Every structure is written in structure tokens, then in C-alpha cells.
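So the structure is just underneath, and the comments pick up after that.
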Amino acid sequence: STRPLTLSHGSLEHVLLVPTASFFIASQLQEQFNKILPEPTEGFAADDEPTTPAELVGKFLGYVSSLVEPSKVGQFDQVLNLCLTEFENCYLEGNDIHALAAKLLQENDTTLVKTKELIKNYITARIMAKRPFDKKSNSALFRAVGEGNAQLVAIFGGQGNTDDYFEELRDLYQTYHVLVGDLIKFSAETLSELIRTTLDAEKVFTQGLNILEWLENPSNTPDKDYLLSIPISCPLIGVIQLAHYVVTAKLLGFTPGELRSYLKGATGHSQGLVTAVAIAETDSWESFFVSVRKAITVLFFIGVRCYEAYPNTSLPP
Amino acid sequence: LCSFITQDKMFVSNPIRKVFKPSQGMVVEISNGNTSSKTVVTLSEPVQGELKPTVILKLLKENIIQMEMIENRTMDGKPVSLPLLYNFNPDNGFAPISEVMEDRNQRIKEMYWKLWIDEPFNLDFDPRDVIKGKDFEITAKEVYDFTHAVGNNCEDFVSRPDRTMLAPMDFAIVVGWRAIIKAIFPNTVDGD
Amino acid sequence: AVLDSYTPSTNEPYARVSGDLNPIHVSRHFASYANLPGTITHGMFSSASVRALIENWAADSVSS
Amino acid sequence: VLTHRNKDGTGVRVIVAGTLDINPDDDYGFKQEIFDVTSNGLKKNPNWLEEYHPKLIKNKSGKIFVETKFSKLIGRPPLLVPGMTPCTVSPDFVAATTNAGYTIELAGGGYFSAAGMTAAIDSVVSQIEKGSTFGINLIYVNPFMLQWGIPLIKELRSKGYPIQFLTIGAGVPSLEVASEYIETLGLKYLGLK
């Protein structure tokens, strides 16, 4: 039933065995994809260019994914699910995309930016191919903690670890959109409410708190100076932490609480204490969201009220 | 449609035409359009978020067009209005509409008075007489509002523990505005 | 020093604190009737806005 | 096309059936019209008798007007005392004639500086009724008058003067010179001779 098809860039091939009622639509995609590929150059060493066969498959893998919906049935659902299995079976030795990215960094042609690409592609692809991340994974850590030769403690960070904190929220939203989109949107909305709900909160958010907007159009994102002042930076940092918890939980095949169970305990530094408390109150996904609400609605008030208490004033130049 | 208005033999560009010039957000509602003498076109624009009447165009007794020019942001929330009056006259096909000039400055002054001055409308001052203002206590919050309005983040104006709040020299204008502006109002200083 | 300044998005904020409810600055139909380029920023705002710059950079933020 | 130029003004519209080309004038039509679906395929040439038929029409005060393209714009009888030097120089006569409800052109020929004509234009205005208007006749072959005049006219309109048309005698300005008058001066219409 199998009928060869090559995914091509520069001196990099990946031969792709294709089913019968398929090689039609498959070739169509192959062609369209070939068009978008930037011209090869000096070991494909540009920024758009795939470094390796693996990266290329991820590329095409992501291109096909761009043309599908989970809600309605598509005509590429056939091809996508097939390139998935061949990428998985061929390039992932069963481990996580993350393990591959590391290999591709260490051994092959190092690009953090390209690594992130590859990861965006695989997770994104898989989730839009109606093919979720529910089956406990063989995390050697979590396996060994589970047995008894290891124990976990969740530590949560505070304010002031980074100049560009909001950046971490971007990379999260942008990369793992298929996993975190919910609570980003959920938070963006629930924070919006806190501001109506609250008396003079509006005055503190001089340039508004449209988190969803700033994410979509970087162009519209306010200064680091605005983003860093607590009333908006406290809640946002927490969302970042919650968001990270979730990619770890979801990607392990665990519920929020299932993840929490592997923990000997948790603790935060400064404002990170809040999420640790709220994280341990966590059980099932349906219930996960009130836990989020609690956390960020605390942070919001810490931020808004502590700013009001002692607000930054001009430094004598 | 008449491109020009009249003011004492002088020809101005048509103000009605001007004020109704299109633009996203404005909405015109003509009511009773088919009978001439009763027609009332009404312009409503977005004012502080919600829509509201800004202009009201109709006829009055004895062939007098009236353009009710409405300001919604006032001292007490109760909208104020400037009555602009125009003589319509079908015997001059070329310049039918001319403006009623007698007392035009006075009407404009009266509306500005209601917006600036918390006193009775009396335009009978001697320009040479001293104008007394009002006493004025500087609230801690009038300062917060002003500094934040102009964007002055000086620590001398921000409430800090164990320091009295200072007011910006700029704040002088907030205090004297009513005493000062009154000075351009008397009848002997007739201005538009 | 050479400093970068900006006029406000709307004029209502300055009008409220100052008591200058002049429609020229707030209502487009009045601005347009007077034949202005738009809803002109309060000349007084620029006065206090620029002054703030002088205050900060020339007086080292010593209001006094 | 031969028959077309025979008929021109009579509402007949010739179409050349055998050539798909383009007429810069729309004088007539080519192969396309015979087949077009849009209202673009139904063109008709003008009948001057009908198109430009004089008419009558009534004021509300019930005055009667000879309605033509001209009077339809100006709102008075389609008759005018053209600028004339000795005759139309006098602010008195341009007032009187304009007060009698007729369009008259104030003669530039008799004025020699912005200041001297400003004198008359202001006299004319003093005698003319409220909301009334007149015009100014300037000579092309006199570059001096044309130099203090065009400005005086523009400076005057800007102040809102009731002088709402310019006529130019002795020659027709060039496209850039004319365009200047049209857009620069605040005039209701321009008169060419």
C-alpha cells in the first residue's frame, strides 16, 4: 500500500512512506510546503532554515498542522496523523520532544530558537490531530520518586529574578499554546473582572491590563516600566508559574493533583508562596480553575494594595 | 447644501454643513422629514462612551433656523446649550441663510459662563475693578488628581509617611482660574 | 537635556482637575465649529507637562 | 463617423460595429456597446434643444426667472453688465446695477493699486444690499494690475468680501495660471473671455 514521497530541503532528505488513499493529498501538501521553505544556504545555517532531517519533519509537521481544526473534520487529518507517527517512530526514540531538542542542541546544530521551534511544532501538531497527552509517561524522575528512591519539592519563584519577566509569559503562550491557552485566557479575563469588581483599581492600571492583547500584538505591549510595577506584574508572574505547572502536569499525563501527589511538599519565595499554597489545594482539571482564581486574585490584591501603599516616584536624575 | 452663510454683508463658510461633516461614530436622525415646517434633524455622537445628542436642527417662528449646539460635559451633569440662530429667506436664492448677529457674542458668553463660573450671569463688571475669587482649601486628593492629570511624578507631591504634601506651582491655575477668566467677560470687553 | 514628552489620549482628565470645561478640547463638534485641527490639547497641560521636565532635570526634582 | 458628424447635436448616437477600439472623446462608440450588459452599454448623445431648453420658474415670493444653466447657479436673471473700463469703473453704477438685481463686473481697468480699488470695492459694498454680490474684471495684457489685483482679491475674500467671481479679459490664462486663480481665490466661478 506504500508509495514513496520525499520531504526536501538543501542536502536534507526525509523519505516518507505514504498510504494509498492519501498520496494525492500528501503530494499536494508536499508541494505547497516546498514553496514556503527559504532557500538553502551554507549548511542551512540561517534562522528560518531547518538544520537537520528531524527539524525539517517538524517543519512540515507544523505546516500541515496549520491547516487543520479539532472541531470540524479535515482532509489532512489523514496525512497529519501519519507524519506524526513517522516523526515519532523515526526521530523520537520514545522519549520527549524535549530530550530530542537537547540532543539537537548538544550534538547537532545548536540553536535555542530552532529548538523552541521544533517543540512548538510537535506539541501543537499532536494536539490539533485530536491525539492528546493522556497516558502516564515514563519520566525516569517521576518513576523513581514514585518507587521511593527519590522525592520532589515544588519551589516557586519571586519578583525580581529577571529584567524581562513578561517575556517568559510570551514564550509560554507562543510555544505551548495548545496546553496553556485556557488559563492564560482564563486569567486575562478573571483579572479584567477584578478591575471592574474593585473600586479604584482602575486608577492603578494607568495603561489597562489587556494581557491577551499584548500577547497577540507585541506592538501594543507597554514598557518594561509599566509591566514591572506590581499591580500587573504580581498577578502575571503567578500566571507564568501556574502555566508552567500545567505544561509539566499535562505533559506527564497527570492531573494537577496527581502531579501534586508526587511532592513531599511545596514552598514559594516571596510572592511565590501564594502559588505553592494554591497548588497543593489542587485536584482535578475541572477543579483546577478555582484554584487558579484563588492564587491570582490574591496576587492581584497584593499588587494593587501594596502599590497604593508605596508608589515609585521620580528619581533625581 | 448652500455653501455659504451671511454675516453683515460678509460671506462665511456654511457652519451647519461644517458641523455635520461625516466621521465614524456620528449618527443623524431626521424626524418628520416629509412635512417642512415640523422637521427636526438630530445629531448624536459618542460622548464619554455612551451616545448622546450634540446638535439639534429645526425651524422656529418667523423663519428662523436654529442650530442647538449642545455640550454634555458640564459642571452638574445637566447638559448646556448654545442657541445659534439663522434667518432663512427664500427671496435671496443665492444666500438664503444668514446669521442672526444681534447678541451672538452674548449667547456664546452665556454658555461659557455656565461652564466656568459658579455665580449668576452678570456681564456688568468694570474691567478696571478688582475681581475677588473664592477661598480655596487644597485637599490632599485634588493634588493627587492634578499631578496625575499632567503627569508630574515628583515625590514632593506624593503622600509620604512623616512629610506634609506639597502642591505644584501649576496648581495655582486650578485655584485662580475662575477669578482670572472672569476678567475677559465684561460687556466693555466684547469678544467672541 | 533633551526630553521626550507626550500629550494625553483624551483631554477630559486635565479638564476635570483644572475646571476648564471648554468644549473646544473635549467635544469634536465644537472643535470643528471653531475650525481647529481637532480637539486641541489644553495649552495648560503642556505648561505643567513641560514644567515637570524643567522641575525634574533642571532643579534635580527639588520642587522648592 | 461621417453620418455622426452630420448629426452631432441631435441625439443620434453612432456605433462602429466592426472595430474594437477606443474613442478618447466618446464622440461615438465602438464594437463593445453593441454587446455590453452594464448601463455602460446604453449611451446616448446629447439633443441641445432639449438639454439646454430655456424654462420658467417661480420664487416662493412668486417671482419668475428665465431658468438656464447660468441663472440656476447665480439665482438671478441670466443677464450681466460685463466689466467695462470707463463705465463699470464707478462703484455707484456697479452698486445701482447690482441693486437692480443684476450681475455686474467691477472694471479693473480704472484702478491702479490694491489700495485704490479697495476704496471702491468698499464703496460698492456700502451701497449694495446685505447678502448681495458682485464681481471683478481684470485684464491679462496688464501684468501690473494682475499683480496687485489677484492678491487684493484673495486677501479680500479671506476677510469674507461679497465679491464672488473673477472675470479675465484680453486673454485666456494658461492652465497653471488659471488653476491658480480657481483654487487660490475664494471664488464661486471664474469668467473667461
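Chain labels follow the order of the C-alpha cells: the first chain is A, the next B, and so on; residue numbering restarts at 1 in every chain, and ligands are counted from 1 in their shown order.
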Using only C-alpha atoms, determine which residues lie at most 9 Å from residue 316 in chain A, disregarding the query and same-chain residues fewer than 3 positions distant; provide the list as an MDAnalysis selection string.
chainID C and resid 56:57 59:62
Can you list, as an MDAnalysis selection string, all residues belonging to chain D that DSSP tags as strand (DSSP E)?
chainID D and resid 55:58 64:67 80:81 103:107 134:139 163:169 190:192
So which residues touch residue 53 in chain C within 12 Å, counting only C-alpha atoms, skipping near sequence neighbours fewer than 3 positions away, as a list in words?
residues 314, 316 and 317 of chain A; 150, 151, 152, 153 and 154 of chain B; 1, 2, 3, 4, 5, 6, 46, 47, 48, 49, 50, 56, 57, 58, 59, 60, 61, 62 and 63 of chain C
Could those selected residues go to a file with N, CA and C atoms, as a compact mmCIF listing (two decimals), in the first residue's frame?
# COMPACT_ATOMS: atom_id res chain seq x y z
N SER A 314 9.68 59.72 40.82
CA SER A 314 10.84 60.14 40.03
C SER A 314 12.14 60.12 40.81
N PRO A 316 15.69 61.59 41.25
CA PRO A 316 16.51 62.74 40.87
C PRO A 316 17.56 62.27 39.91
N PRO A 317 17.58 62.85 38.71
CA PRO A 317 18.41 62.33 37.63
C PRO A 317 19.87 62.34 38.03
N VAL B 150 -1.55 65.87 34.74
CA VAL B 150 -0.49 66.45 33.92
C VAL B 150 0.73 65.54 33.84
N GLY B 151 0.77 64.54 34.71
CA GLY B 151 1.86 63.58 34.72
C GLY B 151 3.10 64.08 35.43
N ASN B 152 2.92 64.57 36.65
CA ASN B 152 4.04 65.06 37.45
C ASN B 152 4.33 64.14 38.63
N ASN B 153 5.28 63.23 38.45
CA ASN B 153 5.61 62.24 39.47
C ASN B 153 6.71 62.70 40.43
N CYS B 154 6.64 63.96 40.86
CA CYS B 154 7.58 64.48 41.84
C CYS B 154 7.19 64.02 43.24
N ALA C 1 19.42 69.19 28.96
CA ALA C 1 18.88 67.92 28.49
C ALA C 1 17.83 68.09 27.40
N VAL C 2 17.65 67.04 26.60
CA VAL C 2 16.59 66.99 25.60
C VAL C 2 15.65 65.83 25.94
N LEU C 3 14.41 66.16 26.28
CA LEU C 3 13.48 65.16 26.80
C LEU C 3 12.31 64.88 25.87
N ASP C 4 11.77 63.67 25.96
CA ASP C 4 10.62 63.26 25.16
C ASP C 4 9.33 63.33 25.97
N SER C 5 8.35 64.06 25.45
CA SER C 5 7.07 64.22 26.12
C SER C 5 5.92 63.75 25.24
N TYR C 6 4.74 63.60 25.83
CA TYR C 6 3.57 63.16 25.10
C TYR C 6 2.30 63.82 25.64
N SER C 46 0.30 71.29 28.55
CA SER C 46 1.65 71.42 28.04
C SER C 46 2.49 72.29 28.97
N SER C 47 1.85 73.28 29.57
CA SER C 47 2.52 74.18 30.51
C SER C 47 3.03 73.41 31.72
N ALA C 48 2.16 72.61 32.32
CA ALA C 48 2.51 71.84 33.51
C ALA C 48 3.33 70.61 33.15
N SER C 49 3.12 70.09 31.95
CA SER C 49 3.84 68.91 31.49
C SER C 49 5.30 69.24 31.23
N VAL C 50 5.54 70.33 30.51
CA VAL C 50 6.90 70.76 30.22
C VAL C 50 7.57 71.20 31.51
N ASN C 56 12.19 68.46 37.06
CA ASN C 56 12.94 67.24 37.28
C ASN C 56 14.42 67.42 36.96
N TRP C 57 14.69 67.87 35.75
CA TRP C 57 16.04 67.82 35.19
C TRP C 57 16.86 69.06 35.47
N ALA C 58 16.19 70.17 35.73
CA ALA C 58 16.91 71.42 35.95
C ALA C 58 17.04 71.72 37.44
N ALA C 59 16.06 71.27 38.21
CA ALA C 59 16.07 71.51 39.65
C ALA C 59 16.36 70.22 40.42
N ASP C 60 16.70 69.16 39.69
CA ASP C 60 17.05 67.87 40.28
C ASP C 60 15.88 67.35 41.13
N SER C 61 14.67 67.63 40.66
CA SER C 61 13.46 67.21 41.34
C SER C 61 13.38 67.76 42.76
N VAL C 62 13.84 68.99 42.95
CA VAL C 62 13.59 69.70 44.19
C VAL C 62 12.56 70.79 43.96
N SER C 63 11.28 70.42 44.10
CA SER C 63 10.16 71.31 43.83
C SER C 63 10.44 72.72 44.27
With only C-alpha atoms considered, list every residue of chain C at most 10 Å from chain B, as a PyMOL selection string.
chain C and resi 6-8+11-24+26-35+44-53+55-56+61-64
I'd like a table as JSON lines: residues in chain D with an atom no more than 10 Å from chain B, each row giving the shortest atom pair and its distance in Å to one decimal, only C-alpha atoms counted, sorted by chain and rising residue number.
{"residue": "D:59", "atom": "CA", "partner": "B:91", "partner_atom": "CA", "distance": 7.0}
{"residue": "D:60", "atom": "CA", "partner": "B:90", "partner_atom": "CA", "distance": 6.6}
{"residue": "D:61", "atom": "CA", "partner": "B:91", "partner_atom": "CA", "distance": 6.5}
{"residue": "D:62", "atom": "CA", "partner": "B:91", "partner_atom": "CA", "distance": 9.2}
{"residue": "D:63", "atom": "CA", "partner": "B:91", "partner_atom": "CA", "distance": 8.7}
{"residue": "D:72", "atom": "CA", "partner": "B:93", "partner_atom": "CA", "distance": 9.4}
{"residue": "D:73", "atom": "CA", "partner": "B:94", "partner_atom": "CA", "distance": 7.9}
{"residue": "D:74", "atom": "CA", "partner": "B:94", "partner_atom": "CA", "distance": 6.3}
{"residue": "D:75", "atom": "CA", "partner": "B:93", "partner_atom": "CA", "distance": 5.2}
{"residue": "D:76", "atom": "CA", "partner": "B:93", "partner_atom": "CA", "distance": 7.9}
{"residue": "D:125", "atom": "CA", "partner": "B:9", "partner_atom": "CA", "distance": 7.7}
{"residue": "D:126", "atom": "CA", "partner": "B:9", "partner_atom": "CA", "distance": 9.0}
{"residue": "D:128", "atom": "CA", "partner": "B:9", "partner_atom": "CA", "distance": 8.8}
{"residue": "D:129", "atom": "CA", "partner": "B:9", "partner_atom": "CA", "distance": 7.5}
{"residue": "D:130", "atom": "CA", "partner": "B:9", "partner_atom": "CA", "distance": 4.6}
{"residue": "D:131", "atom": "CA", "partner": "B:9", "partner_atom": "CA", "distance": 5.0}
{"residue": "D:132", "atom": "CA", "partner": "B:9", "partner_atom": "CA", "distance": 7.0}
{"residue": "D:133", "atom": "CA", "partner": "B:9", "partner_atom": "CA", "distance": 8.8}
{"residue": "D:157", "atom": "CA", "partner": "B:11", "partner_atom": "CA", "distance": 8.5}
{"residue": "D:158", "atom": "CA", "partner": "B:12", "partner_atom": "CA", "distance": 9.3}
{"residue": "D:159", "atom": "CA", "partner": "B:10", "partner_atom": "CA", "distance": 7.9}
{"residue": "D:160", "atom": "CA", "partner": "B:11", "partner_atom": "CA", "distance": 4.9}
{"residue": "D:161", "atom": "CA", "partner": "B:10", "partner_atom": "CA", "distance": 5.5}
{"residue": "D:162", "atom": "CA", "partner": "B:10", "partner_atom": "CA", "distance": 6.0}
{"residue": "D:163", "atom": "CA", "partner": "B:11", "partner_atom": "CA", "distance": 9.3}
{"residue": "D:164", "atom": "CA", "partner": "B:11", "partner_atom": "CA", "distance": 9.3}
{"residue": "D:188", "atom": "CA", "partner": "B:3", "partner_atom": "CA", "distance": 9.5}
Written selection (C-alpha atoms) as a CSV table (one decimal), in the first residue's frame:
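Output saved as out_24.csv:
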chain,number,residue,atom,x,y,z
D,59,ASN,CA,-39.8,82.0,-6.4
D,60,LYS,CA,-41.9,81.5,-3.2
D,61,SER,CA,-42.5,85.2,-3.3
D,62,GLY,CA,-43.7,84.3,-6.8
D,63,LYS,CA,-41.0,85.9,-8.9
D,72,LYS,CA,-29.7,78.2,-12.0
D,73,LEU,CA,-26.3,78.8,-10.3
D,74,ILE,CA,-26.4,82.5,-9.7
D,75,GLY,CA,-30.1,82.8,-8.6
D,76,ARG,CA,-30.8,85.9,-10.8
D,125,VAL,CA,-20.3,97.1,-0.6
D,126,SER,CA,-21.6,100.1,1.4
D,128,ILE,CA,-25.2,97.1,-2.2
D,129,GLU,CA,-27.8,95.3,0.0
D,130,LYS,CA,-27.0,92.8,2.7
D,131,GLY,CA,-26.2,89.3,1.3
D,132,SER,CA,-25.7,90.8,-2.2
D,133,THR,CA,-22.7,90.2,-4.5
D,157,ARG,CA,-12.2,87.0,0.0
D,158,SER,CA,-10.4,85.7,3.1
D,159,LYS,CA,-11.9,88.6,5.0
D,160,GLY,CA,-15.3,87.5,3.6
D,161,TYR,CA,-15.9,90.0,0.9
D,162,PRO,CA,-19.2,89.8,-1.2
D,163,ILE,CA,-17.1,89.7,-4.4
D,164,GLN,CA,-17.8,86.2,-5.6
D,188,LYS,CA,-17.8,80.9,-6.8
Could you pull out all residues of range 47-161 of chain D with a DSSP call of helix (DSSP H, G or I) and give them as a PyMOL selection string?
chain D and resi 48-51+69-74+85-88+91-99+108-110+114-127+145-158
Do you have the CA of residue 209 in chain A-CA of residue 277 in chain A distance handy?
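A separation of 25.2 Å between them.
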For chain A, which residues have at least one atom within 9 Å of chain B, if we go by only C-alpha atoms? Write them as a ChimeraX atom specification, please.
/A:310-315
Between CA of residue 80 in chain D and CA of residue 134 in chain D, distance in Å (one decimal):
10.5 Å
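With distances restricted to only C-alpha atoms, A:263 is the closest residue to residue 145 in chain A from A:211, A:90, A:302, A:263.
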Which value, in Å to one decimal, gives the distance between CA of residue 18 in chain D and CA of residue 41 in chain D?
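Between CA of residue 18 in chain D and CA of residue 41 in chain D the gap works out to 16.0 Å.
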Name the closest residue to chain C among the candidates A:207, A:94, A:76, A:237; distances are taken between atoms, counting only C-alpha atoms.
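Counting only C-alpha atoms, the residue closest to chain C is A:207.
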